Amino acid sequence: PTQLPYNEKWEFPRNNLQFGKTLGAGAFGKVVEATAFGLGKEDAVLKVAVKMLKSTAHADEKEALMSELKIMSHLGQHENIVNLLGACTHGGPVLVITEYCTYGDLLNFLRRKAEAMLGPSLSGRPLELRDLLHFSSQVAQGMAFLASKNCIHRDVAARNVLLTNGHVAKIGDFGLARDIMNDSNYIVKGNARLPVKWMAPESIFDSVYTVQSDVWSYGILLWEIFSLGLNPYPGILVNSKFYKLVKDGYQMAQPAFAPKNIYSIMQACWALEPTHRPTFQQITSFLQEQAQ
Ligand SMILES: COc1ncc(F)cc1CNc1ccc(Cc2c[nH]c3ncc(C)cc23)c(F)n1
């Protein structure tokens, strides 16, 4: 990624952004909503999400932001990913301008939505099964696009899916703008904080990441969707027993709102042999057909 070249076609004048509230923050980074004036070929004026370093960041974090910018440019645009809209690299700190997604991350959306649906009994518009299938197929479409570019995401999870206008799902990555240090979904495994409960066995044990390991993580995401935002392996501590169980083929039980169909997809994503797992295109075609 560092050898990749940054194309100035993305360059945008930083004085043409008016910043609003912070959308998310990590230790050394954050994403901030902004209005951009004159953005793009149509000179649009619109709300954007700007990723930038915090004052706590150092050179290593700057290099990672620039690398992310180079990767987003190289990837190309797709309806079901968080697209790059421009960047500010001259005359100040690096700014990465991405699409703003009004409904926020999918995980929180499902949890708040489930609470809203249960409110009448205990005190707009409820979710339907078809919505869950749409979210699932949209994310699989976006993952099929990344896989077609041989791009490995490595942190597929509902917290990294964003919902835009029309409640269209987009796979993104909060990255530096996530507080992983204080986030119980990231486990201290040796040197780094890793989303172990989402990770394929070969990534945990052999440090191997592929499109097929993303497929596994996508199956965990499917479980999050069709449980309306439960934590995976709920109540189970990540320890030696957990690692062994995963390696031996232990799998989560069927989620409450998953049709047998969809749970079977999950199981296929969790095949121990990575080549046996479905491809994102197979998942997409099946889920599109199911969402009709
Ligand atoms: C496949 O995606 C990628 N792959 C590799 C990469 F290196 C980067 C990406 C996508 N980069 C990115 C940037 C910012 C954000 C946060 C974000 C954007 N819009 C929002 N609207 C609302 C809220 C609450 C948050 C946001 C996000 F999710 N992803």
Side-chain angles (χ1 to χ4, degrees), residues 1-36 39 48-77 81-101 105 146 149-157 159-160 162 170-196 198-199 203-204 207-210 213-214 217:
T2 65
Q3 303 164 7
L4 283 181
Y6 166 65
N7 201 301
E8 301 249 343
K9 63 197 280 181
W10 294 109
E11 193 69 24
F12 189 71
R14 72 191 52 250
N15 278 34
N16 291 352
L17 302 155
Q18 190 69 351
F19 291 100
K21 72 189 161 151
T22 295
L23 299 174
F28 313 119
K30 67 186 176 173
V31 178
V32 181
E33 69 173 12
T35 299
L39 183 280
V48 294
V50 187
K51 190 181 276 172
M52 69 195 72
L53 297 185
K54 280 159 108 187
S55 65
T56 51
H58 293 271
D60 280 6
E61 285 80 42
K62 309 179 209 298
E63 191 188 341
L65 195 55
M66 272 301 300
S67 292
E68 160 174 9
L69 170 62
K70 296 169 174 180
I71 297 167
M72 293 179 88
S73 174
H74 172 89
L75 255 178
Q77 297 128 314
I81 75 189
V82 176
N83 288 289
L84 178 73
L85 299 179
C88 315
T89 62
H90 290 317
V94 173
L95 309 177
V96 178
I97 306 163
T98 68
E99 304 174 301
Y100 168 81
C101 306
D105 72 277
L146 299 190
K149 308 313 192 74
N150 188 45
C151 176
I152 307 181
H153 185 285
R154 291 156 86 118
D155 195 13
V156 169
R159 52 177 180 279
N160 279 322
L162 286 291
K170 289 166 171 293
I171 180 61
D173 193 357
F174 274 80
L176 301 166
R178 182 179 310 287
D179 195 16
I180 65 152
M181 221 73 50
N182 300 303
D183 186 318
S184 64
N185 297 289
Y186 291 77
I187 296 311
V188 166
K189 194 199 189 308
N191 279 336
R193 320 284 186 128
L194 303 167
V196 170
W198 283 258
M199 284 172 55
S203 308
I204 293 174
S207 275
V208 165
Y209 295 89
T210 68
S213 64
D214 282 339
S217 297

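Numbers here simply count residues along the sequence, with the first being 1.
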Requested in this report: Check the pair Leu95 / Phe12 against side-chain contact (heavy atoms from CB on, under 4.5 Å), numbers first and verdict last.
Outcome: CA-CA 9 Å; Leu95 309 177; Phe12 189 71; over 6 Å; no
Query - side-chain contact (heavy atoms from CB on, under 4.5 Å) between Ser73 and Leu84, worked out - result: CA-CA 7 Å; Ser73 174; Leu84 178 73; 4.1 Å; yes
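Within the 4.5 Å cutoff, the side chain of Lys170 has heavy atoms near those of the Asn83 side chain. Counting only heavy atoms from C-beta outward, the side chains of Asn160 and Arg178 approach each other to under 4.5 Å. Two residues are said to be in side-chain contact when any heavy atoms from C-beta on lie closer than 4.5 Å; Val50 and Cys88 fail this criterion. Side-chain atoms of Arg14 and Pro93, non-hydrogen and from C-beta on, do get closer than 4.5 Å to each other. Using a 4.5 Å cut-off on side-chain heavy atoms (C-beta onward), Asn185 and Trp198 make contact. Contact check for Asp60 versus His58: no side-chain heavy atoms found under the 4.5 Å cut-off. For the pair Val31/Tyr100, no side-chain contact is recorded, criterion being any heavy-atom separation below 4.5 Å from C-beta on.
Between the CG atom in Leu53 and the NZ atom in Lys30 there is a gap of 10.5 Å [rounded to 0.5 Å]. Atom CD1 of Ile81 is separated from atom CG of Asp173 by 12.0 Å, given to the nearest 0.5 angstrom. Distance check: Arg154 CZ to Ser217 OG gives 11.0 Å after rounding to the nearest 0.5 Å. Summarising the geometry, atom CG belonging to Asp179 is positioned 10.0 Å from atom CZ belonging to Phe28; distances are rounded to the nearest 0.5 Å. Note that CD1 of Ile71 is 7.5 Å distant from CD of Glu68, once rounded to the nearest 0.5 Å. To the nearest 0.5 Å, the span separating CG on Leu39 from CD1 on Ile97 amounts to 6.0 Å.
The minimum heavy-atom distance linking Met72 with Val82 is given by the pair CE-O, 3.3 Å. The two atoms that bring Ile152 and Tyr209 nearest to each other are CD1-O, 3.4 Å, heavy atoms only.
Remark: the backbone N or O of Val32 is not paired with any side-chain donor or acceptor of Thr22 at under 3.5 angstrom. A donor-acceptor contact shorter than 3.5 Å is absent between the side chain of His90 and the backbone of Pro13. Between the side chain of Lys70 and the backbone N or O of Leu4 there is at least one donor-acceptor pair closer than 3.5 Å. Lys21 places no side-chain N or O within 3.5 Å of a backbone atom of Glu33 that could act as its donor or acceptor partner. Judged by distance alone, with hydrogens and angles left aside, the side-chain atoms of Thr56 form a donor-acceptor pair with the main-chain N or O of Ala27 at under 3.5 Å. Formation of a donor-acceptor pair under 3.5 Å by the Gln18 side chain with backbone atoms of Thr35 is not found in this model. Side-chain atoms of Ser67 come within 3.5 Å of backbone atoms of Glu63 as a donor-acceptor pair (strictly under, hydrogens ignored). A distance-only check finds no donor-acceptor pair linking the side chain of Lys51 to the backbone of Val96 [under 3.5 Å].
Heavy-atom neighbours of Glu8 CD from other residues, nucleotides or ligands within 6.0 Å: above the threshold of 12.
Here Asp155 pairs with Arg159 under the salt bridge (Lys or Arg N to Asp or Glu O under 4.0 Å) rule; sequence neighbours left out.
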